[PDB]
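Before any questions on binding or motion, here is one chain by itself as structure tokens, the form deposited in one PDB entry.
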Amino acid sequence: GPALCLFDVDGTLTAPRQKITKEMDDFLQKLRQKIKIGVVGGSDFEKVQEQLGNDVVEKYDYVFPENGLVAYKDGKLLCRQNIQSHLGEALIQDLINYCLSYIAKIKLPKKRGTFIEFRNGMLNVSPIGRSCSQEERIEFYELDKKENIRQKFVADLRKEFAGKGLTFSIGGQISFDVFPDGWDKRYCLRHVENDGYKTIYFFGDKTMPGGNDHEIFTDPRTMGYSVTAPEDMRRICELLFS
């Protein structure tokens, strides 16, 4: 029946960290004549626009930056949630208060600023501070491997906030993310489920346990496909839809 293809962006439609190629851009627009298409990424709208184009909300039937915490359908923004409204101010403050006190007790070479970055769909927590310089970021990343600073911090937060409906995830070099359970890429499915699609396909390059496509891939609402590269994505689409 009527169906939808949901694509991870980075590593799936694009080489890691790159803009999409015009060839792949043309392929997806031809695919879209047979089936609706949508993209989902953890990065913010501006990054999605850089990777896929400023006119992204016109070229894709759905656009889900920030895992869908910002969501466009048919070019218009859908209803929105944020972490503080979902969790309540009291839990937000307890989480922040705890993280602030914990960071105060970490011994580091350097500390700077923006220890807590408050985003739509998460708190990003950095022991050094997100305002650090590139040199300081690498110094921290290197010490963190040696001392397990972020790993211990997250293990402590998981016990302290057991039962409160939070997920913690270390990514990148200086930080970890604290977000409501289920606000990974599965969040966007709320905007497409039970909306007439007989099948919702999903394509992603990090569907393994621990990868950022694992939960949406394994969700029963999607017919999930693991891709190894954008050329593998195109291969599967030509098989299924041509």
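Throughout, we count residues from 1 along the sequence that is shown.
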| message | Can you tell me whether 59 to 67 has a higher mean C-alpha B factor than 187 to 195 in this record, or the other way round? | response | 187 to 195
| request: Output the stretch having the higher mean C-alpha B factor in the entry; the candidates are 121 to 129 and 134 to 142. | output: 134 to 142
| field | Among modelled residues of the same chain, the CA temperature factor third for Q151 | value | highest
| request: Give the position of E50 by CA B-factor within its chain, expressed as the lowest, middle or highest third. | output: middle
| request: Among all modelled residues of this chain, ranked by Cα B factor, put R112 in the bottom, middle or top third, i.e. lowest, middle or highest. | output: middle
| message | Ranking the modelled residues of this chain by C-alpha B-factor as given in the entry, is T12 in the lowest, middle or highest third? | response | lowest
| said: Using the temperature factors of the C-alpha atoms in this entry, rank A229 within its chain: lowest, middle or highest third. | reply: highest
